[PDB]
């Protein structure tokens, strides 16, 4: 359409910035259909789900992001945050500590 994975990813980001999380998700998913290994699309998808209060979904996507890009301190942080928002303090701490050991 629609042949650059980056373009759909950029559009996801612009909707996300505007607070239109539903739209952002559909674009990120299109980026990932073209390019399933796009760690940055998995990550921002996680963020979009997090912002909606769907912490289970965010966790699953963050996990995929981190499998492909394990030096993303910010994603470790947000993974920690997602567990924190579920009341899983043990896991929040584990991932906060991982985020903090990647700095700088």
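Residue numbers count along the first chain shown, from 1.
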Mean Cα B-factor check, 78-86 vs 16-24, entry values; winner is 16-24
Going by the average Cα B-factor in the PDB entry, point out whether 94-102 or 1-9 comes out higher.
1-9
Can you tell me whether residue 36 has a C-alpha B-factor in the lowest, middle or highest third compared with the other modelled residues of the same chain?
lowest
Just say lowest, middle or highest third for the CA B-factor of residue 63 relative to the other modelled residues in its chain.
middle
With respect to C-alpha B-factor, does residue 47 fall in the lowest, middle or highest third of the chain as deposited?
lowest
